[PDB]
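A.B. asks: how does the following fold in three dimensions:
(chains A, B, C, D, E, F, G, H, I, J, K and L, ligands or ions: 11)
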Amino acid sequence: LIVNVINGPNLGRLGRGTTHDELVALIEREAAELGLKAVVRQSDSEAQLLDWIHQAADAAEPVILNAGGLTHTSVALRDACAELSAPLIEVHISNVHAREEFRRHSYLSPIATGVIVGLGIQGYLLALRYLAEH
Amino acid sequence: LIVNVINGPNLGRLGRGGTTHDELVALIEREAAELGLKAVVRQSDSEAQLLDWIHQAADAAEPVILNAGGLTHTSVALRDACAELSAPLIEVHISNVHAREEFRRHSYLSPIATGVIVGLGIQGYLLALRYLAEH
Amino acid sequence: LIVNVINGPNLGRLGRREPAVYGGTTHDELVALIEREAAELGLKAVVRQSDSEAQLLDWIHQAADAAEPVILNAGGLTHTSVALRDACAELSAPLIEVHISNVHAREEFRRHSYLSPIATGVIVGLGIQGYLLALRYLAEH
Amino acid sequence: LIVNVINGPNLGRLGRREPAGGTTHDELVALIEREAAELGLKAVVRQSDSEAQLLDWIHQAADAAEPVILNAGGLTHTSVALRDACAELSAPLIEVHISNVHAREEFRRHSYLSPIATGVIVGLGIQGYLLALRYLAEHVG
Amino acid sequence: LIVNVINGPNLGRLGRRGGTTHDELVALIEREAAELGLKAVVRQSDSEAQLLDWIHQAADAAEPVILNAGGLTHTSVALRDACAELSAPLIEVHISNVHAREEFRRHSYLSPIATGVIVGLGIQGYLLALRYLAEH
Amino acid sequence: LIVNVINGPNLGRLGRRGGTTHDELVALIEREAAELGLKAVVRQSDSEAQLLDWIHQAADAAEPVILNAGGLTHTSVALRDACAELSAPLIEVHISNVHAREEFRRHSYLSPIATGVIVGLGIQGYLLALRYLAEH
Amino acid sequence: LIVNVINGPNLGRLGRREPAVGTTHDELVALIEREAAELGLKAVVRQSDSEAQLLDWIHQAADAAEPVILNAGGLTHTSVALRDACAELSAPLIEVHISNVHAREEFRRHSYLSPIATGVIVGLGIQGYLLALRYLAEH
Amino acid sequence: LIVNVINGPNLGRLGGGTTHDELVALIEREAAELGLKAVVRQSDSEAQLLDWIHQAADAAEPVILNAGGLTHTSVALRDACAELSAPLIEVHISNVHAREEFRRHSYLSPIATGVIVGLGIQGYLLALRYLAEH
Amino acid sequence: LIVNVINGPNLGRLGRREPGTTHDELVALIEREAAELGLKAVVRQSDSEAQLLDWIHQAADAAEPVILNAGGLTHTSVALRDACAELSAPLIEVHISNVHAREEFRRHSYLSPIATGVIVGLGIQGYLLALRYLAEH
Amino acid sequence: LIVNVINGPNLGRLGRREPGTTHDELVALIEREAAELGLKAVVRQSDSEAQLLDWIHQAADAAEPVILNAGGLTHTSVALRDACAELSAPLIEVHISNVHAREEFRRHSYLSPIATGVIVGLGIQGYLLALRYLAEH
Amino acid sequence: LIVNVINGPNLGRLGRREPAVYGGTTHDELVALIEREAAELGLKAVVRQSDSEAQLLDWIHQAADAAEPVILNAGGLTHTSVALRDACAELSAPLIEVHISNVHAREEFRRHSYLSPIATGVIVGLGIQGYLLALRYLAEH
Amino acid sequence: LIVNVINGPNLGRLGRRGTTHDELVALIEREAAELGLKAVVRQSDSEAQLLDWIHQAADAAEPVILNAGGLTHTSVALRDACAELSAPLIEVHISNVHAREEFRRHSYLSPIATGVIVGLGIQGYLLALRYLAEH
Ligand SMILES: CC(C)(C)NC(=O)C1=C[C@@](O)(C(=O)O)C[C@@H](O)[C@@H]1O
Ligand SMILES: CC(C)(C)NC(=O)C1=C[C@@](O)(C(=O)O)C[C@@H](O)[C@@H]1O
Ligand SMILES: CC(C)(C)NC(=O)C1=C[C@@](O)(C(=O)O)C[C@@H](O)[C@@H]1O
Ligand SMILES: CC(C)(C)NC(=O)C1=C[C@@](O)(C(=O)O)C[C@@H](O)[C@@H]1O
Ligand SMILES: CC(C)(C)NC(=O)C1=C[C@@](O)(C(=O)O)C[C@@H](O)[C@@H]1O
Ligand SMILES: CC(C)(C)NC(=O)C1=C[C@@](O)(C(=O)O)C[C@@H](O)[C@@H]1O
Ligand SMILES: CC(C)(C)NC(=O)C1=C[C@@](O)(C(=O)O)C[C@@H](O)[C@@H]1O
Ligand SMILES: CC(C)(C)NC(=O)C1=C[C@@](O)(C(=O)O)C[C@@H](O)[C@@H]1O
Ligand SMILES: CC(C)(C)NC(=O)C1=C[C@@](O)(C(=O)O)C[C@@H](O)[C@@H]1O
Ligand SMILES: CC(C)(C)NC(=O)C1=C[C@@](O)(C(=O)O)C[C@@H](O)[C@@H]1O
Ligand SMILES: CC(C)(C)NC(=O)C1=C[C@@](O)(C(=O)O)C[C@@H](O)[C@@H]1O
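C.D. replies: Numbers count the residues shown, from 1 in each chain, chains lettered A, B, ... in the order given. Ligands and ions are numbered 1, 2, ... in the order given. What follows is the structure:
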């Protein structure tokens, strides 16, 4: 079982210490320990994210998805996640509820399986672990 | 190394998915020992009772996993008692509070919580425990 | 048929003071009225009052386990509690929300209820007569 | 003596529509009379899709000072004219809804009438017209 | 004259994890009461039912209440309704300034039916309120 | 310690259409001040600019303010920023209970930057504010 | 010139049977008609509870290019149809209300008519209609 | 096949540039060519409109409806239309979204099959043609 | 029979582009029309809210009617509303232009709920008509 | 007599996907129907906003009508709107689902205030009717 | 060319104890900083401060009667005064709204200006340079 | 010392389709040089291209002048990119965003921008440049 980890705009800037690279590695280590294969990609492009989403729908694979700012603004991304037949675990590194009010809304939580927020980089790992079971 | 798992109003009714509360306590207790932790699991429908327990977790500096039930959207009192905690606080909803009624999408707890796990059913707890075992 | 009538916070203070509202029937009288009417309708009616949320829920859980119907006047909780709603949403038997006053002729916040959407039905603003009428509805089913 | 029971837009389509309960307006009209009659009352039961017609009926009830049981259909949530007419009723006015309006769209959870009404019965279905009658039967003010 | 000072949720934890613990508040209220020539009873509970009970007693005893409701202030229609019954004065007391915290603390279900409200003059709101009452 | 008591629009009209009038109020306040080993300057204006002038002076002099802004309470940003400068305590006072009136009287621009707020305690509010200042 | 005075819903119920808020509809027609006489205009005063009926009278005025004094009662706060009918008028339109709408329920503070009318008189009692006439006489 | 076209309040006063009669003519001419029968009526009276809606419900015939102002106000009308088992196309001649803010809400749209706005008079004809194809 | 016609910020500027009566012409036209009705019109304008309040206070104590057009303050001043609140004689709010045919913000008046009546969009004429009303009550 | 049919994000997943007509299938009908009407139909789909804008910039430059089903971008993009606002010839907004019968947030669009018109809830055929409208200017 | 610079309430308090801040260039040093940079561009800066709305309004009128440009920092009034807005709206010559601090980084109430929609433009957050950038704009058109 | 003038969606299309984007680039450049800075001006319709450019200004600690277009009102991902700048960022708009539609009166950028200039036409760009010369 392949799991798709899709980091959205800005997450390449992670740590600018836990860099995006340290994230990618860290995820693959728990991935392989869980008897899973994680494919982690990031892009600042909404088009690109939509497309990785489309693929994972065609391939019936779960998606762990940290969309960054697009979480609060984008119906298109929501609509592409809605076709996922497999589980979708939305993730935030930071507690989105402790910050600005507009971050407390997510177009994604309603069509997602579960949501992990403010647990730091481990959100992802704990998400993989869930997807091991379903 | 104690951990407090606290469940509020109505959680005493799980299983009437099919996991009873009695069952879930056991799950957590066992899962917790596997990670070297000691889980104290408790449930009450009484908002005062949850306060005494959250008060004790403040004094002991023990971490809390809190599923507050309906109190999540409603009790500013609970929030305040919780804002006092110094060890982590992980808010947990069994169901995806975000795919239900509009009013379940506000939490009073979330802003003072370390983090929040939603929609992952019973595993939400075991995950919270795992995070506690690392940090 | 056992019918549960559950009254929330402050309801033990009926008619005795707040006598404007209200109306003038004390809680003890209301118990008697409701029992009397239950008898003519051929139902047994257990009536119970409490300012404690934990106690109301525990009565509602029991109602849910017995699949007995419920006539609930939740007091202030109507407008505020989600736990209680969540308890009530569990009942298989019918749920009738009763308010003595006309919650729509008063403060704007009384005009909203967490309970109303998950109840069979609602009676508002007919005084103590609203408990008995609700009994009537159950007698028919 | 005399209660006016009034039904606004689309209650002529009761039944029937669709169906969804099965009771027609014609049968509901007979049910209400029967029931009123069993109580010592006489029930004049009309329905109209015309707001003007409804205001004519309400005016008369006011001039005669007869009580009014109103199920105003969609008009519950939109009509300020209907409201100001009812407002001048001196006899009890009891607003009715067959279905639980708080269990539906949001625009349904506001009534222009609930505040100027004696009370409100919602979601006890057809029986809500009879229970209204029983309230009137047990008073005269 | 007996004033009733009723502290709500979390208020038993003052001083623990203002400057002043609940014990010292009690100690202070006692002296100020004796300065004023009143009797005051100070009570604290995190139970809303317990709170309602005490208010009821005041309601039947025609006695003044000083109420610091904690979070219940912003959320409880039950407590507002119990309090609206009261015939002697009710003064709502907040130790912190509520209007300088989160936006939701700026709404109180009590202010509308209280005689008045003292906000964010710290523990001295209790004393200043007992004073208002001593002068009725 | 000098204390400023500042009174905004309409407060000149107290008791002209309860009872107690502005002159009388000045005097009770003056009386309470002396009794508290304090000196009180009470003033009244219907002019926002004049009120700003008085607030500027009290910030320069680092003197305590007791402020009853009247209608400006719910409308003036300008007034709020003047008051933001005070280093000595600011106490907001309303004679009436502003939470049991029109909805728009329940928003104050001043409360958030005030030390505290006393509402609905009548004229006694001023004298509870003086007494608060009189401690620390 | 001619001036149309139009009263909507519940307005035939003026006076006693709605005490204060004090004249009957008939008496109001008498007042309005005599004041128009002196002003040198003829007033056509009609009341109806039918939104349908109001629109036709309103269409007829847009046709005749006559001015309109409208008291729409509760439809003031609810009816787009009625507003779109008045939007059509080439002569002046004066909304009238007998009571002060701003001193009652919140929902009365909004008018769908106001933005398309020439003006609005509110709370001046029955004189509203007369003051409105006076306005029209002058233009 | 029968298609009911219902014009609401104020529609008897068109002039698009065409008058209401020019409009019946036009919907009839077009209705013919698609192999349909269009009944086109107009009332300023809600009662009449609800009645015309009931008939169409009973006879299970499609409805093209331009409710005018009632679009934005009437729960009664919306409930009458909810009864229909055959399609209902809501139709506004002007672009209701390029005028006042209130015109941008409709009670009918959520219950209709679809909506056509802004295409002028010719919007009736496009509705007719959708119905040709069912 | 004295009548207070009080005008607020900016009405000094009636001029002047346009919809073409000046303030001085307004005062005079109002003073002569009030005399035709056998009243005395006392027409005063200020940009100063305090000045406006002072004149409300006097009208309160004199029990004289007030015609007020409070300009921008209509939409913003609780202070003014509260001065107006205490009048005992009639208070007619007037606006020259149709306030409802304009910015959303202009459609709320703080004075309306405590006034006797309001007249809006009737041009300079709204004044004259409020004098007529005042002659009767 | 050229007409642009632009389809925004996700629309190339038609009939894949809530099984009924695929995107290629739909390009086909539109040309079939367009020809039948004596106009030429250029039909594009893209998930990238910047690309959709390019196409809109091109249509405005060309003075050629557009028929736009913007997908999700309908409810969120101001930049899409300003692009579209530049067209001097008919724009027709089109949706396949009835946007009003779903989530509240689907019920506002940034396009409708600048579109020539809107067609909603009428399936693939909406593209066709838009086309038909356009073939009369 | 005369440019009128106008500062509303509290701007007399710049520098000390201006806070802000906590400095601090003093309203006097500002006047100096502006007439200088105005001369350099060949303009005449008439810089004024008043805590009094009626005073502000009157400076606004004369500018209108004189067709002269205005750079306005209206302080608290920005957010609250329709009177001030309407005075400014009669300006034939340009109007630039200047705020020293970044209004969008402070309280929500500061993010609304009654002045911006009738102003040529607004400069915000750039400190005391805001005024000079404003004179600059005016020196071109 | 480098200033990064960034232009967003539809801004490629100033001119007729007076100043074109071409002319605006020359103006910015002349002015910048006449002030002792070099202005790198750029346009894009692509949210992802602008983020990229922002990230680079963050890495260089170079100031940014940004006219984000309609993305001013809608993009939180853009805002977060700018939160990262340690040097000044001036938001620019040619038109008056407050004299237009209501939705244009909210900026996700304003809060994190050092400053904001609005409605001063193409000149707003050069005044922002001037601002930066003197830090
Ligand atoms: C690089 C950084 C600025 C931290 N990323 C983000 O933008 C964001 C982080 C998040 O995804 C996160 O917490 O993982 C939340 C989201 O609201 C925000 O857009
Ligand atoms: C056991 C049950 C009755 C379902 N508890 C709850 O009411 C609730 C549970 C939740 O916390 C939960 O998802 O775990 C959500 C909350 O909104 C809800 O009120
Ligand atoms: C005895 C009294 C205090 C009046 N009971 C109540 O609290 C209440 C009565 C109600 O249930 C009632 O109207 O029946 C409504 C509720 O809003 C309110 O809190
Ligand atoms: C317009 C009409 C068809 C009458 N609508 C109804 O039937 C309705 C049913 C109800 O009246 C009813 O419960 O009887 C409630 C009301 O919201 C709704 O309008
Ligand atoms: C406008 C003005 C006349 C000043 N109003 C008052 O007097 C007021 C009195 C108060 O300050 C007071 O309670 O003393 C309350 C305030 O809301 C009100 O504005
Ligand atoms: C005759 C009476 C029932 C009093 N009329 C009215 O209700 C109404 C008329 C009004 O237009 C009026 O004041 O003239 C106000 C409106 O809100 C109300 O519906
Ligand atoms: C005055 C007239 C334009 C005739 N009124 C209408 O017909 C209307 C019909 C509309 O559906 C239409 O544009 O076709 C829109 C509606 O808001 C408007 O009231
Ligand atoms: C002198 C001028 C600027 C035209 N006046 C006004 O702005 C105003 C006067 C008004 O009373 C008026 O319409 O007459 C109302 C108010 O909204 C507005 O501020
Ligand atoms: C292709 C699929 C993702 C199923 N469609 C849509 O969700 C959408 C497309 C629509 O433009 C459409 O109905 O064609 C509507 C819009 O709300 C939504 O983004
Ligand atoms: C002098 C100082 C006290 C800082 N002035 C201000 O309060 C203000 C001035 C401002 O225009 C300014 O930013 O310069 C903003 C405004 O919101 C605020 O009231
Ligand atoms: C000039 C044009 C190409 C139309 N640009 C814009 O769309 C925009 C420019 C703006 O940033 C501007 O004018 O500076 C405002 C913004 O809301 C809008 O998106």
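A.B. asks: and chain J, is the helix or strand residue A:91 falls within touching that?
C.D. replies: Using DSSP states H and E, residue A:91 sits in strand A:88-92. No. Using C-beta under 8 Å from any C-beta of the partner chain, we find that strand A:88-92 stays clear of chain J, coming within 15.6 Å at best. From N, CA and C alone the C-beta is placed, and that goes for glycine too.
A.B. asks: one more: stretch A:4-22?
C.D. replies: No. Using C-beta under 8 Å from any C-beta, stretch A:4-22 never reaches chain J; the gap is at least 12.8 Å.
A.B. asks: do that stretch and chain L meet?
C.D. replies: Yes. Contact of stretch A:4-22 with chain L (C-beta under 8 Å from any C-beta) involves A:8-10, A:12-13, A:16.
A.B. asks: what bridges to the residue nearest the centre of chain A?
C.D. replies: Centroid-nearest residue in chain A: residue A:65, 1.5 Å away (criterion: C-alpha atoms, centre = their mean). Counting by DSSP bridges, residue A:65 is bridged to residue A:6, residue A:90.
A.B. asks: distance of it relative to chain H?
C.D. replies: Look at residue A:65 and chain H: by C-beta to the nearest C-beta, to the nearest Å, they are 30 Å apart.
A.B. asks: got the phi and psi for the residue of chain A found nearest chain G?
C.D. replies: Nearest residue of chain A to chain G (C-beta to the nearest C-beta) works out as residue A:101 at 26.5 Å. Main-chain torsions, residue A:101, degrees, to the nearest 10: phi -60, psi -40.
A.B. asks: how close does it sit to residue A:72?
C.D. replies: Residue A:101 is 10 Å from residue A:72, where distance means C-beta to C-beta, to the nearest Å.
A.B. asks: same deal with residue A:89?
C.D. replies: Relative to residue A:72, residue A:89 is positioned 18 Å away (C-beta to C-beta).
A.B. asks: so for the two, which sits in the more crowded spot?
C.D. replies: Neighbours per residue, other C-beta atoms under 10 Å in any protein chain shown: of residue A:89 and residue A:72, the larger number sits with residue A:89, 26 against 20.
A.B. asks: the more buried one touches residue A:119, doesn't it?
C.D. replies: No. With contacts counted by C-beta atoms under 8 Å, residue A:89 stays clear of residue A:119, the gap being 11.8 Å.
A.B. asks: what sits against whichever residue of chain A sits closest to chain K?
C.D. replies: Nearest residue of chain A to chain K: residue A:101, at 9.6 Å (C-beta to the nearest C-beta). For residue A:101, no contacting residues are found, by C-beta atoms under 8 Å, 6 or more residues apart in numbering or on different chains.
A.B. asks: hmm, try it at 10 Å
C.D. replies: Applying C-beta atoms under 10 Å, 6 or more residues apart in numbering or on different chains, one finds that residue A:101 lies in contact with E:103, K:108.
A.B. asks: quick one on the thing from earlier: so which elements touch the strand holding residue A:91?
C.D. replies: In terms of contacts (3 or more C-beta pairs under 10 Å, 6 or more residues apart in numbering or on different chains; DSSP states H and E), strand A:88-92 is packed against strand A:2-7, strand A:63-66, strand A:114-117, helix A:122-133, strand B:115-118.
A.B. asks: separation between whatever residue of chain A ends up closest to ligand 7 and residue E:127?
C.D. replies: Evaluated by C-beta to the nearest ligand atom, chain A has residue A:75 as its residue closest to ligand 7, separated by 26.7 Å. For residue A:75, the distance to residue E:127 (C-beta to C-beta) stands at 57 Å.
A.B. asks: with residue A:98 instead?
C.D. replies: Per C-beta to C-beta, residue A:98 is found 36 Å from residue E:127.
A.B. asks: among the residues of stretch A:4-22 next to chain L, which one has the most neighbours?
C.D. replies: Neighbour counts for the residues of stretch A:4-22 next to chain L, by other C-beta under 10 Å, peak at residue A:9, which reaches 28 neighbours.
A.B. asks: what residues are up against that residue?
C.D. replies: Going by C-beta under 10 Å, 6+ apart, the list of residues near residue A:9 reads A:42-46, A:48-49, A:67-71, A:74, L:47-48, L:51, L:75-78, L:80-81.
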